[PDB]
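Chain IDs A, B, C and D follow the sequence of writing; residue 1 opens each chain.
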């Protein structure tokens, strides 16, 4: 057994962590107080779920998690919230004042005074691990803390834990739920500095989640809570194979091997079906063929882009619920003849399938209805470079006039770091261009 | 068409299906980068306090 | 926590109205005791009030003047007893509408006493985020001493946000001929030392009172009714909880693309005369259309002569948050030439459930438009009219000033104007 | 008020569409790099499709179908027709074509050339026209740009009096729903000099382009014979009609070509929307059999038809998505 530490940076990371650990607790049958009555080895063990939870002599199952925010307000709701007992205070780290939507204030100014504290609290979890394999980092591209402090953490984790893997759950910025005008700057800056330090990154465009919540859940104006509970389903599907008995994606190293041949191009597209409203009056249950087919509609993707115009390098199907291999192979055979699925010549046109029979769990009183079967496809497609092109253009428009740059320079950062970061992104868009033509 | 490396258990089962074949910086340098930005902040705060002194 | 400062006649009179309005919104009476009916009123009351003996709330407010007159009126006025008595800091001989007296002679005597009260209030603060000043730019105390205070506050608190509500002078509401001088000297200071300045133009406040509100001869009280409703509006996001998680520093970051261009046009809808309550509530399309109309702007600038760099809008009341998004996006897409295309997503809208006293629906507008250059050009023209003949200059040279300081102020304000013009065509 | 942008100034067609839209008074034109548009009359090269359909509260539509270049480029068109099961090499309406690169299916090209050498029946090809295979290959190998080698139609239909070669151009509008609208007016771009059977190198009698013909206007006005003209000639000279002898085959080829690529280019469930005007170029032989020469992504319309066609584009491609306050198209049914 090999342990995994989850790190949650900024508001987005923290509030998405909440949604995830709440869901993990429901899936494994762990309570608000941390007691898991189904566990029989009291105060220890090396089961699949022990990858995400350590144990105390008292029988409590405590998340291998560190929540870090430069402002107390958000993490205080964790400290007083329904899962207050689940974490111990040293896991929940809060600063005094935030990075104010500024990468440079998060990375350089306020980052420096708190980085040693966090790495120390990370070391206090790593010393409880008999075989740490690495880290899952949750954050926003848009926030100052999420962009700035995260990239500093990822720099230092490569120094301290060089042999261990680092996965990212990144929230890509959208005007529909934006907190700042400079989020394109922060997104490019952090992607540049984090790129070589991150082994695999699952981007979630808030635009994509927002419209899924409008279109499929019938919610006029989605809150963060709506977006996060949907995000945590996608996260849970991706992490399920680390937390449950299986033979696909069993360690973090396998995510690199399966999904990431080119190391810079390490941004797999997640697609998820089906998303169904909890107070839909009459619902017809969707089959293996229908939900597998839904994995190739752009309207169900975590990032809106077009996989038809682009090439695949790898494709995972992660099923949860009533699914058998026979149905999956028959679904794939039908879809192959009707849709435009093109792999790169140097890769096999094929799918790694993983079924878990336990159907997806939903939060009681939530917006998501129970389903007999669901699926999360993880495809490394070049079509996700569309998200980079969008974001880089917005950067160019502002940076051409040096708009807002003085805020960054005023925290110690050099103007050079902007165009240095932008050149890397221009190279990244070229890396995608070559692979998919 | 060809299903390979099928594995099963009580929780689930996994396999592969192939349709067609093919054809870091140090702790020193990080501390140097952070502190060079702290010196540029201090220089800028000095220029402000020098201007206010005038 | 914000530390409020109010300097001079105008500063103290709009400042007293502000505390009057927001205390009613938070349910705080003239004795400082909370008698409200919602926990939402008290959730961010730390931002403007200090908690005292017997769970009484006292405004974090410093009252400054070189005249005793106006501060005696504040103390004897309706909410005067809520202010902490030690925070009344005042000289005796006034500034006689003279910037030099405020900035260099009479105000120098008194400034350290004010900074002692500022420091006392700052040490009580858990996490001081910044300062806000109310003042005019056309007199002597609020203009001259107010900008001295700002400069000395930036020395002691260099990394904190400085915020001003700066009332601009106009011949239509004119105390003295030297106002363009006092204003230009003050603008020079605000350009260097403030992060955000709400340009409250007395011309605009008059025109709104005369044309739109149908008051043939408006008083300062009528003008200040518009100022207080605007001030409540822009401070809503600091004073009440929302989804945005609003902050003085984050506002500055998102509103100010270039450090010198931090002069905002405030606007308000619906416009209301004092006392008399309008009965018909506005639709969301009416709020949206009114707040962007030039008639509702508190700075006398036609926004169609410039372009919006950034916009912040704050809707108050029980309404469809979808309908607000739709209408806000409608205004942008139907008038896209008047927003800069090189700052994506430059209009942000927040909503607060609690509406202000009187109204059930309202909207407050905060625009960093390049059309604000018209305001500065106007004061620059009035400045030059007198200064080319060195007229009235003896009042200032007699207090130690040189003509060079006037020439430098004229010159930096004309730079500000041409810098606004730079981005109007970019 | 709907909003649009124009990013292709050379577009003869969409210059007239932008002019017509402004005149209705319910559309205003924005600046080139304004992202806040409803419509996009986009560029020909590197059209940034990844930026479309990401503007809150804005339904976005563009006048190009991403991936339609597969049909509108010569090398790709040949590769589409050979590889696709819907069309196949069985495909009777496309000339026997091969893809050749400068120093690839040269081994397959020479196999059919030496099977033409079995019976030694007529063996002419086109890239610029020549009979010998080694004469053609040496032209391609020292040029740099890749262009295919195609079976040349030795026995084309010949208009009289004149003994003239010609090609038919049909305009096709595919809307956001993937309705395929064929415009009722086409045009015959004619030769004005007799077709030479013996010698191939003679320029104007073999190639029948809009511009290369500038004899220019002998038999009709500006080398353009319209559909009423050409129908009557067929009725008098051949006893048949344009509809029966030629136009069914056109309708079959258009439909077969756009059905093939629909799954790749359709914008049915997408976040942005596409329409496009296509130019299909046909060649009729002496036995009244229609052949597809090329598909054109940015088609140049003929002078008489602009007013009518560009109004039709507005009617069913633009106003169908963006409604305001008899039809000129024949819908091809699928």
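One rule holds for everything that comes next: contacts are C-beta pairs under 8 Å (C-beta built on N, C-alpha and C of every residue); 3 or more make two chains touch, one makes a residue touch a chain.
**Q** Give the chain pair, either A-B or A-C, that is connected by more C-beta contacts.
**A** Of the two interfaces, A-C and A-B, more C-beta pairs touch across A-B.
**Q** How big is the gap, in whole Å, between where the Cα atoms of chain A centre and where those of chain C centre?
**A** It comes to 43 Å between the two C-alpha centres.
**Q** Can you work out the whole-Å distance between the CA centroids of chain A and chain B?
**A** Each chain reduced to its C-alpha mean, chain A and chain B end up 13 Å apart.
**Q** What's the distance between the Cα centroids of chain B and chain D, rounded to whole Å?
**A** Roughly 49 Å, centre to centre.
**Q** List the centre-to-centre spacing of chain C and chain D in whole Å, with centres computed as mean CA coordinates.
**A** That gives a centre separation of 64 Å.
**Q** Give the residues of chain C that touch two or more other chains, as numbers and ranges in rising order.
**A** 325, 341, 344, in rising order.
**Q** If you look at chain A, which of its residues touch at least two other chains?
**A** Residue numbers touching two or more other chains: 175, 397.
**Q** Provide the list of chain D residues touching at least two other chains, using ranges where the numbers run on.
**A** Residues 33, 56 of chain D touch two or more partner chains.
**Q** Every touching chain pair, please?
**A** Chains touch in the following pairs: A-B, A-C, A-D, B-C, C-D.
**Q** For chain A, which residues are in contact with chain B within the complex?
**A** It is residues 104, 108-109, 111-112, 152, 155-156, 158-159, 162, 196-197, 244-248, 325, 328-329, 332-333, 336, 343, 345-358, 410-414 of chain A that touch chain B.
**Q** Chain D touches which residues of chain C in the complex?
**A** Counting only chain C, the residues touching chain D are 325-326, 329-330, 332-334, 336-337, 341, 344.
**Q** Which of the residues in chain D end up touching chain A in this complex?
**A** So the residues of chain D in touch with chain A come to 33, 48-51, 53-54, 56, 66-67, 263-265, 269-271.
**Q** List the residues on chain D that touch chain C in their complex, please.
**A** Touching chain C: residues 1, 3, 30-31, 33-36, 56-58 of chain D.
**Q** Would you pull the chain A residues touching chain D in the complex into a rising list?
**A** Residue positions touching the partner: 175-176, 207, 297-299, 304-306, 308-309, 338-340, 385-387, 389-390, 393, 397.
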